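Structure, as structure tokens:
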Amino acid sequence: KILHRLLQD
Amino acid sequence: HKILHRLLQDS
Amino acid sequence: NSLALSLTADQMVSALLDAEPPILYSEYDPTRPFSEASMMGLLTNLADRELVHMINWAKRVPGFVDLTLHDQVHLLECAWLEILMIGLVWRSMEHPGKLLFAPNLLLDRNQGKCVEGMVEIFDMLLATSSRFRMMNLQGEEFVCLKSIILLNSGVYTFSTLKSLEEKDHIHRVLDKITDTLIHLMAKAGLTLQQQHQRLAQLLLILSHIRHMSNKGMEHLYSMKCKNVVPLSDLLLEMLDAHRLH
Amino acid sequence: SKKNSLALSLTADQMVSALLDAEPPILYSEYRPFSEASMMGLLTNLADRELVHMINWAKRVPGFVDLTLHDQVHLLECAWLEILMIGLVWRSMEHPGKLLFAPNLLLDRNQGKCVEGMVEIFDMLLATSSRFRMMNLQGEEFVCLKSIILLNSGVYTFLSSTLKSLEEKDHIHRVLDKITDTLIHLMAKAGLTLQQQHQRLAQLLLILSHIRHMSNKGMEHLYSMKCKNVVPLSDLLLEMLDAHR
Numbered sequence: 688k689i690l691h692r693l694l695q696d
Numbered sequence: 687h688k689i690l691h692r693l694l695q696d697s
Numbered sequence: 304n305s306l307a308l309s310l311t312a313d314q315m316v317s318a319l320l321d322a323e324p325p326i327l328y329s330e331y332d333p334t335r336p337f338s339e340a341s342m343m344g345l346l347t348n349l350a351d352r353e354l355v356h357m358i359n360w361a362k363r364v365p366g367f368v369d370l371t372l373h374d375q376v377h378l379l380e381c382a383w384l385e386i387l388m389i390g391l392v393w394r395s396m397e398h399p400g401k402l403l404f405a406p407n408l409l410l411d412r413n414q415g416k417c418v419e420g421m422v423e424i425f426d427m428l429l430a431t432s433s434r435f436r437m438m439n440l441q442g443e444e445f446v447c448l449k450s451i452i453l454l455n456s457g458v459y460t461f464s465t466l467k468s469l470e471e472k473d474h475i476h477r478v479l480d481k482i483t484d485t486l487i488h489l490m491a492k493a494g495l496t497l498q499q500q501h502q503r504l505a506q507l508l509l510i511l512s513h514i515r516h517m518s519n520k521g522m523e524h525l526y527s528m529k530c531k532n533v534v535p536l537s538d539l540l541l542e543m544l545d546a547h548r549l550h
Numbered sequence: 301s302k303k304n305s306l307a308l309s310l311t312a313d314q315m316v317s318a319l320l321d322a323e324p325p326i327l328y329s330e331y335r336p337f338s339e340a341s342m343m344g345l346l347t348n349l350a351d352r353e354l355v356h357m358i359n360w361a362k363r364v365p366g367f368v369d370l371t372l373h374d375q376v377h378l379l380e381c382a383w384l385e386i387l388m389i390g391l392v393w394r395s396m397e398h399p400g401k402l403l404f405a406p407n408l409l410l411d412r413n414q415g416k417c418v419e420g421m422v423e424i425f426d427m428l429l430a431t432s433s434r435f436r437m438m439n440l441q442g443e444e445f446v447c448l449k450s451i452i453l454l455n456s457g458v459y460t461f462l463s464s465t466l467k468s469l470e471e472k473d474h475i476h477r478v479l480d481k482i483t484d485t486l487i488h489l490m491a492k493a494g495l496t497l498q499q500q501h502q503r504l505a506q507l508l509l510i511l512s513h514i515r516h517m518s519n520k521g522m523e524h525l526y527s528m529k530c531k532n533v534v535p536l537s538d539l540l541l542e543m544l545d546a547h548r
């Protein structure tokens with residue numbers, strides 16, 4: 688879930 | 687004297 | 304010296320094709336239902352019988368006999384499960400959705416589920432078989448790749466000047482197999498650009514095969530440590546060479 | 301613009317330029336005599352900071368943004384430790400016998416023994432560094448290899464049952480082919496003959512199999528640290544590790 692947030696930002 | 691070492695010699 | 308460097312590409316192909324091990328049958332007993340233990344027993348008994356033929360085959364791979372028995376042992380110890388797997392994937396190409404471990408042991412993923420922890424490995428092997436099928440992998444390309452695995456997988460885990470000279474010999478043989486792969490692709494009419502693209506596509510699959518072997522080695526170690534099946538003394542030594550946790 | 305991506309339209313020189321510009325920075329270690340918990344703490348802290356920069360870098364690898372968020376996540380989850388390791392090996396090329404985790408953290412082989420099971424991983428990384436030094440690996444080739452790792456490591460663990468998932472794999476393989484063209488371009492530009500270009504291409508891609516091997520071993524060691532709960536691991540690192548099991 689952290690990786691998702693990092694890729695979008 | 688492992689198995690593989692022995693099998694590599696017999697032929 | 305080494306006679307493998309003086310071999311032509313066609314002579315390399317012919318040597319490797321004739322060196323091919325036979326397709327072995329499993330001890331599958333159709334009178335009893337599968338269990339995790341009995342399927343693990345079938346797969347390990349088959350691997351153990353294939354290992355004997357693999358050793359004979361490795362001695363026929365050009366350049367392999369030039370190595371010391373210690374170096375031969377090391378390469379086979381590192382690569383044996385990759386070699387079994389690329390052979391399995393090759394044998395399964397014309398069986399979409401199934402793995403042909405043996406002619407009397409053709410399994411789909413639902414049969415793989417009875418061995419917990421194998422279904423992930425099963426799925427990767429199927430995906431590799433389907434990739435080879437989509438690429439239309441040829442038998443002559445397959446034998447080249449299998450020999451690359453044998454020479455490559457343990458080469459980078461070897464100070465002495467005699468050791469750096471033997472590693473140089475292995476890399477000279479690997480370069481000959483590269484020349485042979487390129488020769489096969491040009492003979493099949495691929496353009497120059499297609500040749501290097503396909504060589505890359507094939508060699509990148511070897512990283513997935515390395516990955517599958519590592520996952521398979523951890524699974525085999527688990528089956529030993531949980532007393533699921535007894536491993537032959539040869540399989541115990543091939544497993545112990547990988548020193549798992 | 302996902303139908304005809306800009307990665308397909310790039311020249312080889314523009315691909316190299318794009319990848320060079322995308323390069324992450326060389327982070328420092330926030331580093335008293337060493338212990339097992341402290342050394343692993345430094346390495347995992349460093350890794351966690353580098354991971355944030357890796358995400359930015361991946362978004363700048365040509366073709367990577369055309370993928371869905373789900374596919375981007377899967378590729379980074381499979382590849383992240385391979386990418387960290389090839390970076391480490393590259394930075395260590397000019398320091399024989401040493402691993403340059405950071406400019407202020409240059410570890411020799413004997414310093415890997417204060418962490419059990421890490422010496423094997425150290426030796427594998429050092430051998431790869433020696434290989435790259437033996438080949439005189441160039442920075443332009445390095446950035447191609449690192450991008451290939453990202454796109455390739457998880458390409459075969461995708462799903463091949465959706466009409467839209469099969470065109471994602473083709474795009475990945477088309478971007479991969481472009482990077483192969485780019486490596487070959489760099490070798491032709493360096494004056495290698497066609498036979499030398501294909502041999503060197505093969506040599507570089509076979510090292511990726513060893514990098515896959517080392518990442519698998521490193522993932523098991525990292526999992527062994529998480530379980531002992533002695534070294535603090537960030538939430539992000541715990542998630543990246545959890546994706547391999």
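Protein chains in written order, with the authors' numbering: chain C, 688 to 696; chain D, 687 to 697; chain B, 304 to 461, 464 to 550; chain A, 301 to 331, 335 to 548. Quick reminder that beta carbons are idealized off the backbone N, C-alpha and C, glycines included.
>> Within 8 angstroms, do at least three Cβ pairs link the region 364-383 of chain B to the region 308-325 of chain B?
In response: yes
> Is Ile482 of chain B near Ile451 of chain B, with beta carbons less than 8 angstroms apart?
Replying inline: yes
> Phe404 of chain B by DSSP, collapsed to three states: which one?
Replying inline: strand
> Nearest to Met357 of chain A by alpha carbon, out of A:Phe425, A:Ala340, A:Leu453?
Replying inline: A:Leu453
> Counting contacts by CB-CB distance shorter than 8 angstroms, is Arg436 of chain B in contact with chain A?
Replying inline: no
> Mind checking if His691 of chain D is an interface residue toward chain B, Cβ cutoff 8 angstroms exclusive?
Replying inline: yes
>> Am I right that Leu384 of chain B and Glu353 of chain B are in contact with their C-beta atoms under 8 angstroms? What's the rounded C-beta distance?
In response: Actually they are not in contact, since the Cβ atoms of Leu384 of chain B and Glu353 of chain B sit about 11 angstroms apart, beyond 8 angstroms.
>> With a threshold of 7 angstroms on Cβ separation, who are the neighbours of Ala491 of chain A within its own chain once the five nearest residues in sequence on each side are excluded?
In response: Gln500
> Is any beta-carbon of chain D found at less than 8 angstroms from that of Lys362 of chain B?
Replying inline: yes
>> In the DSSP assignment, the alpha helix (DSSP H) including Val422 of chain A goes from what residue to what residue?
In response: 421-438
> Is it a yes or a no for the region 324-331 of chain A touching the region 408-419 of chain B, going by three-plus beta-carbon pairs under 8 angstroms?
Replying inline: no
>> Less than 8 angstroms between the C-beta atoms of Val418 of chain A and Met342 of chain A, yes or no?
In response: yes
>> Beta carbons nearer than 9 angstroms to chain B: which residues of the region 468-484 of chain A have them?
In response: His476, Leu479, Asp480, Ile482, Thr483, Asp484
> What are the boundary residues of the alpha helix (DSSP H) that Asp321 of chain B is part of?
Replying inline: 312-321
> By the criterion of Cβ-Cβ separation under 7 angstroms, what are the contact partners of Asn519 of chain B in chain A?
Replying inline: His516, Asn519
> Counting contacts by CB-CB distance shorter than 8 angstroms, is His488 of chain A in contact with chain B?
Replying inline: no
> Looking at the unbroken alpha helix (DSSP H) that takes in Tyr526 of chain B, where does it start and where does it end?
Replying inline: 497-530
> What is the DSSP secondary structure of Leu410 of chain B, counted as helix, strand or coil?
Replying inline: strand
> What does a CB cutoff of less than 6 angstroms around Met315 of chain A pick up in its chain, not counting 5 residues either side in sequence?
Replying inline: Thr485
>> According to DSSP, is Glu470 of chain A part of a helix, a strand, or is it coil?
In response: helix
>> Is there a C-beta anywhere in chain C that falls below 8 angstroms from the one on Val458 of chain A?
In response: no
>> Can you check which of these residues, B:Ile389, B:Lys362, B:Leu466, is closest to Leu378 of chain B by C-alpha distance?
In response: B:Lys362
> Start and end of the alpha helix (DSSP H) containing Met396 of chain B?
Replying inline: No alpha helix (DSSP H) holds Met396 of chain B; DSSP gives it neither H nor E.
>> Would you say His550 of chain B lies against chain A (beta-carbon separation less than 8 angstroms)?
In response: yes
> What residues from chain C crowd round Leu372 of chain A, counting only those whose CB sits closer than 9 angstroms?
Replying inline: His691, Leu694, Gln695
>> Does the structure place the region 432-451 of chain B close enough to the region 507-517 of chain B that three or more beta carbon pairs sit under 8 angstroms?
In response: yes
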